[PDB]
Amino acid sequence: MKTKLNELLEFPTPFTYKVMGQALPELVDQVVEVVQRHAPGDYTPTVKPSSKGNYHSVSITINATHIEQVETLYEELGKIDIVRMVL
């Protein structure tokens, strides 16, 4: 595929990302749902206590076949109105 946004080189590379922000219970649900719909295989975000129970920093693993694909996947899981961010 060649769209210069979700697919171009067609090569699934390991993207070590960290979605840090507010502690969201649906974060792991959207992380595995958006990472599977775009890249083959199920993945999850390892949440860790960074500052408090209200704010959590998770490490999401993703094998997006394109560079910009992992960017849209982060927006799909981090679309909450609260502070959402990714490494």
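The rules behind each value
Residue numbers count from 1 along every chain, following the sequence as written rather than necessarily the entry numbering; any residue without coordinates is not displayed. Calculated side-chain values reflect all of the structure's heavy atoms, with hydrogen atoms and water omitted. Think of it this way: any DSSP run of H or I at least four residues long counts as a helix, any run of E at least two long counts as a strand, and we number them from the N terminus. Exposure is judged per residue with a 1.4 Å probe applied to protein chains only, and the accessible area is read against the type maximum: over 50% gives exposed, under 20% gives buried, and values in between give partly exposed. We call two residues contacting when some pair of their heavy atoms lies within 4.5 Å. Two N or O atoms form a polar contact when they lie within 3.5 Å of each other; inside protein one atom must be a possible hydrogen donor and the other a possible acceptor, and for residues adjacent in sequence the pair counts only when both atoms belong to side chains. Note on ring pairs: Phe, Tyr and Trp rings are taken, using the six-membered ring of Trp, and paired if centres are within 6.5 Å. Classes follow the plane angle, with under 30 degrees stacked, over 60 edge-to-face and the rest tilted. Just to be clear on terms, a salt bridge is a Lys or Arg side-chain nitrogen sitting within 4 Å of an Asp or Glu carboxyl oxygen.

For this deposition, the record names solution NMR as the technique by which the model was determined.

Another aspect to go through is the environment of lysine 18. Its location among the elements puts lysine 18 in strand β1 (residues 15–22). Given a relative accessible area of 16%, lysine 18 falls into the buried group. Along the chain, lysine 18 and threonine 46 lie 28 residues apart, while their C-alpha atoms are 8.3 Å from each other. Not counting the four nearest positions on each side in its chain, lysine 18 is found in contact with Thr46, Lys48, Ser57, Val58, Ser59, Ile60, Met85, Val86 and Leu87. One polar contact links the side chain of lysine 18 to the main-chain carbonyl oxygen of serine 57, over a distance of 3.3 Å.

Attention shifts here to the packing of aromatic side chains. Applying the stated rule across the entire model yields one aromatic pair. Note on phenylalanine 15 and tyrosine 17: the rings are 5.6 Å apart at their centroids and 85° apart in plane angle, and the pair reads as edge-to-face. A residue is classified by how much of its surface remains accessible, and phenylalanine 15, at 11% relative accessible area, is buried. A relative accessible area of 14% means that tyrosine 17 is categorised as buried.

Right, let's get into the pattern of salt bridges. By the definition in use, this model includes three salt bridges. The shortest N-O distance in the salt bridge between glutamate 68 and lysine 4 comes to 3.1 Å. Of this pair, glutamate 68 sits in helix α2 (residues 67–77) while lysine 4 sits in the segment before β1; the two residues are 64 residues apart in sequence, bridging distant segments of the chain. The closest approach of N and O atoms between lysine 79 and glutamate 26, which form a salt bridge, is 3.4 Å. Placement of the pair is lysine 79 in the segment after α2 and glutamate 26 in the loop between β1 and α1 (27–38), with a sequence separation of 53 residues. Its relative accessible area of 32% is what places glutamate 26 among the partly exposed residues.

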